[PDB]
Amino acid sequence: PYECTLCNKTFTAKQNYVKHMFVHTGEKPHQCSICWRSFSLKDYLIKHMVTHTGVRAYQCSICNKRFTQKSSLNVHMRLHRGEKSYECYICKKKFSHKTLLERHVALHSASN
């Protein structure tokens, strides 16, 4: 029900509406006391502080590799699921089409 006069965007709650209008003001009052960069919202600065501490709190449950963020970990999860590959049950090689495995399995048949 909340709309931005400028960029014309609707928000569900008032919190994101109030924050969005402050970002428009360009003001950045949340400063990192290590590198002295400023940020418009505190939640942004909280994420920036990881670049100094080096903590990697977001660990994948599969390969156990840790990341600086959850967005970085979310996109990493798109790699543990991908296109399947057929497997010759003799030489254990992989193939990308069934008609390719049938032509290869038929090779093991002719010679033996």
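Throughout, we count residues from 1 along the sequence that is shown.
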property: Of 32-40 and 80-88, the one with larger mean CA B-factor; result: 80-88
property: Given 43-51 and 59-67, the range whose Cα B-factors average higher in the PDB entry; result: 59-67
property: Ranked C-alpha temperature factor of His104 among modelled chain residues, by third; result: highest
property: CA B-factor ranking of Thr10, expressed as a third of its chain; result: highest
property: B-factor third for the C-alpha atom of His24 within its chain; result: middle
